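Residue numbers (PDB author numbering), protein chains in the order written: chain B, 127 to 182; chain C, 126 to 166; chain D, 127 to 166; chain E, 126 to 166; chain A, 18 to 1060, 1083 to 1126, 1145 to 1234, 1254 to 1276, 1290 to 1642, 1650 to 1673, 1682 to 1711. Input: a single structure, listed below in structure tokens.
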Ligand SMILES: [Zn+2]
């Protein structure tokens, strides 16, 4: 049953294309709030407190 | 060859595609919210 | 072909769990970003 | 019966899961970026 | 007791506040005594110059005429020991005029008196000193306070203010000495009277300190404004209207304007000196307030900053995409469904560049770049070395400021300086282990916010700057400094190469290429270069957003929040002004803001801190500004004063473009948060400062008046004594000699300052002996002498040299010229017994013997610092890395190195560097010399270093006054010192040391005119013919002539470098296998820059290597180090120019030291015992030649690279039977499209590219050419003209004809595929002496000399007349003279025929020209001119000595005159184009007739010769050329079609017998046009005819048949 494998393989290809779409939609939506994370740090006494770290 | 589970995993691929579509939908909605934010800071 | 299809089912299952967890993260992040007009 | 055709998409579904994990980490970084917004403005 | 007055010179900035704090309400007892000692009327501390103008000394207080005569003698012997002659007189006359003028001698004796007062008070146990009479003024010093008194009037000051005044007098003395020397040695006249007028002017300006010091601040900007006003008349000056210099002092403005009309370079040099003028207070009233106010200003609204930040992140992603696709050829990811350009989604898959993409900002918002690499936290230890001190953790700033100053201004004692508060050095606090782990140090930056103990910035006022408000340079905590180092290295290693703005600036070759492009464009003025100077560059950023890109840079390194802390760090950094004796108030253990001395939480991160991220931000907004207005950009930028190259746009003409571009950059950059004023940028091709160096129209200015007057910090981990000052003076002269200052100016200044420092530290008993003072300099730091500019070749030459023959030649000239005998030289030197080799050997070093000189201060820096870190650091850290002590295991290694014979330096150095003991020893070697470690290491070891200073002073007083002789040196002096230097090494080490001895240019080479040089004695020579007569202008303008896994790769380079020698020593293989296992590598068995100052002079000269008797032809290459020889010639030319003579004649180097030329002993090293460390923590020719061919192919592909990355000899030894095949394989297997092939067709027929130049460099001597089986087929086949035409028709031929390719299509290597590109050059440099090809066949041309049959008798039928090139062969065979004399008026290819004749020894009338023999050698391929024409007699001949060709008029010369008509019924030649006149009489040379000959390769032209079996296939080849060239798209085939027409006309004379176009994708040619798309475009031919014609038409294309038929 090669065709049954190939149809769902094309489905995984479409899913991979939508995954590359999602990888970039999220990276658009970084930018507009990233410059807002920037834009209001006027610095009276610097009350910043990052909470969750990141893996290497 | 075990062709009985091939249809089941293809249907599960379809469920994954449905989840991808609804995640892109909510990404579009919050993209709209964040884009309408940026005019007034 | 039993082991390959079995571990394929496990991989598709854990992908499904990962995408539903990220969907829950998206649902939380929408509630976080809807406060930005309440601030600005 | 094609074992290699199963194995290629078996590796593909895992790198797709890796892409989802990287997106989850980046979006929690976005959460920690927007966490300090509410006390700033 | 306690050490008083610890600084011999001042590095701290000046302030006059503590004087005012002492004047009112003093509490300390020495302040009270200072108030008692001063009079009623006290001048202000800022007005101290008004007291120091009145200080007059009784003239000629110090008898220093013995110093004058000694300096004359020392200059005479260093001039004669360089074996140059004319430069004695001008140097000592300049020194005499420096020491003779009454004001200069008064200033210099003031300097000597100041240094004597300091040397009596510095490192002195007594606290207060009595009244010391400096000339007329009484100075009395109590503890730290200094009281200066001229009768009634007085000034109270600090010890640092006294050091500021003493350094002002000192730097004035340096400026006056260097100005007399420079005015004697440079094109402009005497500097001296200008400085003499300006000192009295600056003490005669009737202004307060703020106004005239504001004039001092604007000395450099207003002079720059005057230069911009005079040089640019189209664009008005902008700085000329803001300052008060024309209004406040009209005489000063008149003098600056007069210097401007004489020379603006002179004005910039005089305006560029800093501390010859008096030290300002760095503007406590106004300037600190203005700088801290600009550091916290909000100039633009956040909305435009937000939008413009997206607008510049777009162009940052554009530049990073451009770099990443230009390097790795992978497109970074693109956005797909909600909004993007579909063409970019296609171009990501196709990987094609889109030119219209980069002009759009809204699409790079969509396109986001993936992670490409990972961040490596650990940096190299060679970039953490210096230039910035640290604060331990927010505690040094309390320690810095005076308790007394804060006590008077704010009434509290600051609780005093709390402690040492950590090491001031970054290195000492880093290695101690508190912040040792660099990932653990940078993890606070990974969390997103810094710790509170790290966020401090204490701003140091920069002394030695014209601007008196100045750039208060930042000083942060160790954590922020390590962040700066790691992040700058992360950009410079990875990201800056991927950015086109900074890929030029970080790569040194690309930086030089950008500087060359800028220097052409700013001087042509068609597309000139502008400069956006940013006065508030550091201050103009904003703590909310710096217009940042750090959010994307954080994702590209895969780090989290690591650069996003960089934008939030301006909120974190607390700013404190580190003006000495300045109080900022302390609130809660932390500063409080007052706006003048302090400013807490400003808008900026720091002055000079985080320069490279800010460089990308500024460059990104400027490039998106210039991309909005469609003008082509380049940027040279790294910090302040950012320079932008402007090109011509497609929108406006360059003047309208220029004004519109200035207005647009003001508007856009003003929108970016940096409020640019109208002055800070200029639309002018004038001036820019890059890399802390000033450039006027791209030419770097002479910094002699600035750098020499800049006093050295000195005393680096050393007590202040004689030797440290001499070594720092020598290193300052070296740093001048690198940075565009003449080393003869530096040497004269160094001799003057040397004898001055001697006069400070020696009694007059040594001084009254002139000959002894002459003796003292010229010994050298290797054998028992003090370091001088004279005795260090490293000042003159590059980093690596061996100075021993230079020191011994210096001593020989000292004995022969002066009255000093050998016994006096012996008692000065004290060579001593010197037994045993036990310690570490000196290889590729200054090469000290086992005797350590008694003059060098034996500071340990492997015992006391090691014991200090053993006792103090209870935590091991760097200790627990080295399990056992470093020097003990390294010394056991050196003891095992003593067992071997070859003793090779570089091999031992690299193998040592693989061990971690070298890593630790390199850390300690970094502790020996730095500018930050000195600030923590001088504070330890108190009162023993002062006793060391006194003990060394008395020790050298006893040593220089010793009598008779100390140790014998008498046999070593006379003659040469080859055997004598090897005997000194064999005496001190007990065994012969080879590989370390570099035979020096001072002995082996005597500079000469060729009339002054002898041929039969002084054999081998390097001569430097000039294109123009040089002057002092010629040192300013350029000419036409041109200029860790790495240790593992270098170890494998050494591995397959040992395969050259064909010596199989198993001990070598076992030791390097043990070191490879120490590395931990996976594969056990893995298969003319010059100094820079004389670079400008070298652009007018040429270079060669012409040493052909006994040193070049050998397999083992003799010891000549060529770059040092080239440098020596350039310095000799520079000396002749600066004396007053001109270089109008070529000057060579003469072979005197005949024994010093040593052949290398190709022998492999053997390690007797296994090293106990062991870590702690198919033939090569076929693959080498195939990879060499594909490397030539890929270099030619990337030309449309620099292939001089090899040893030149080993390719000439390598066979090229195997190169050419895979030169063709890459070009048949690439299968490029037509438009990509078009550039490769176009480029190769012109002499362009470094690849073509390197190919023409390796094709001078070629036994490789005859051996190649394609070449002995192709050279019968195609018409070969020159080296370039043969190579160009060789490499291009796989594209344009597969016919010869299909003959040799069946050959390839299977081991070719398993060879990396990092092994191929190693296999090129693995087969050099495996076979050197020592045949070197003379492919003999037409020898004549007899009667025989005609073999063709051709010579250069392609370029010149063939009858002219035969008579050069034909004269010398009738003369039967092995000698001939050739002048370079003859064409170099014509002389090649004469040089083919065997059994000659040709001694040309070169005039010593390096280029003429290099051309007629480079035309050769066979090698008859490299062997028969033996050069080191020819290169030393100026005129007629034997039978001479080339001059039109000469006594007894052979002259050639063209004859237009002659019958000449002669079987050898058809006619006689050039008649020859023998000794200026005509003799018929027709008696010479040809003979049977050997195999020829050049100048006889095999395809137009008798053979036709290759020409039949060559016809198919030329029809293949024309069927392929029409299909090539995007090319105008005029010259290649002309070469095809040459081959076709040559072919058409054999066949018995013009529209170019293609119809239906098949090229059809005839003279008549088939369709409308077709485009309209000797006696050797008789021998090329053959019998049985018709066989050429057999196996012939029908299209070729239509091509040959007319119409
Ligand atoms: Zn010698």
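Just so it is clear, CB atoms sit at the ideal spot from N, CA and C, and this is done for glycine as well.
Rounded to whole angstroms, the Cβ separation of residue 463 of chain A and residue 574 of chain A is 11 Å, and the two are not in contact under 8 Å.
At a cut-off of 8 Å between beta carbons, residue 147 of chain B makes no contact with chain E.
Residue pairing by DSSP places residue 699 of chain A opposite A:548 in a beta bridge.
Residue 173 of chain A has A:164 as its beta-bridge partners, per DSSP.
Short of 8 Å from the beta carbon of residue 1437 of chain A, and not among the five residues preceding or following it, lie these beta carbons of its own chain, in chain order: 1578, 1579, 1580 and 1581. Three or more Cβ pairs drawn from the stretch 466–474 of chain A and the stretch 588–602 of chain A lie within less than 8 Å of each other, which places the two stretches in contact. A Cβ-Cβ contact shorter than 8 Å links residue 620 of chain A with residue 312 of chain A.
Interface flag for residue 153 of chain C against chain D is unset, since no Cβ pair is found closer than 8 Å. Contact of residue 128 of chain D with chain E is not assigned, every C-beta pair being separated by 8 Å or more.
Residue 151 of chain C and residue 152 of chain D have their C-alpha atoms some 7 Å from each other. Distances taken from the Cβ of residue 526 of chain A to the heavy atoms of ligand 1 include none shorter than 7 Å.
For residue 822 of chain A, the Cβ falls inside the 7 Å cut-off from some heavy atom of ligand 1. By the Cβ neighbour-count rule, residue 128 of chain A is buried, with 16 or more other Cβ atoms within 10 Å of its own.
The contact set of residue 131 of chain E on chain D, defined by CB atoms closer than 8 Å, consists of 127, 130, 131 and 134 in chain order. Restricting attention to A:20, A:1048, A:989 and A:348, the CA atom closest to the CA of residue 829 of chain A is found in A:989. In this structure, the beta-carbon distance from residue 803 of chain A to residue 872 of chain A falls below 8 Å.
DSSP lists no bridge partner for residue 427 of chain A. With respect to chain E, the C-beta atom of residue 326 of chain A has no partner C-beta closer than 8 Å. For residue 161 of chain C, the closest Cβ of chain B is not nearer than 8 Å. Take the alpha-carbon of residue 672 of chain A and the one of residue 663 of chain A: they are about 11 Å apart.
Counting other Cβ atoms within 10 Å of its Cβ, residue 493 of chain A reaches 16 or more and is therefore classed as buried. The continuous stretches of beta strand (DSSP E) do not include residue 168 of chain B, and DSSP gives it neither H nor E. Using a 10 angstroms sphere on the CB of residue 1435 of chain A, the tally of other CB atoms stays under 16, which defines it as exposed.
Look at residue 158 of chain D: its C-beta is under 8 Å from a C-beta on chain E. Below the 8 Å Cβ cutoff, chain C contributes 166 as neighbours of residue 320 of chain A, in chain order. DSSP places residue 1023 of chain A in the strand class (E or B) of the three-state scheme. Beta-bridge pairing by DSSP links residue 1566 of chain A to A:1544 and A:1571. At a cut-off of 4 residues, the continuous stretches assigned as alpha helix (DSSP H) that sit fully inside the stretch 438–520 of chain A are 443–448, 455–464 and 495–507. Counting C-beta pairs with one atom in each stretch, the stretch 929–943 of chain A and the stretch 1092–1107 of chain A have fewer than three that are closer than 8 Å, which means they do not touch. Remark: C-beta atoms of residue 799 of chain A and residue 865 of chain A approach each other more closely than 8 Å. For residue 761 of chain A and residue 683 of chain A, the gap between their C-alpha atoms comes out near 46 Å.
Between residue 159 of chain A and residue 310 of chain A, the CB-CB gap reaches or exceeds 8 Å. Secondary-structure assignment with DSSP links residue 1124 of chain A through no beta bridge to anything.
The beta-carbon separation of residue 1261 of chain A and residue 1297 of chain A, rounded to 16 Å, does not stay under the 8 Å limit for a contact.
Ligand 1 has no heavy atom closer than 7 Å to the beta-carbon of residue 1204 of chain A.
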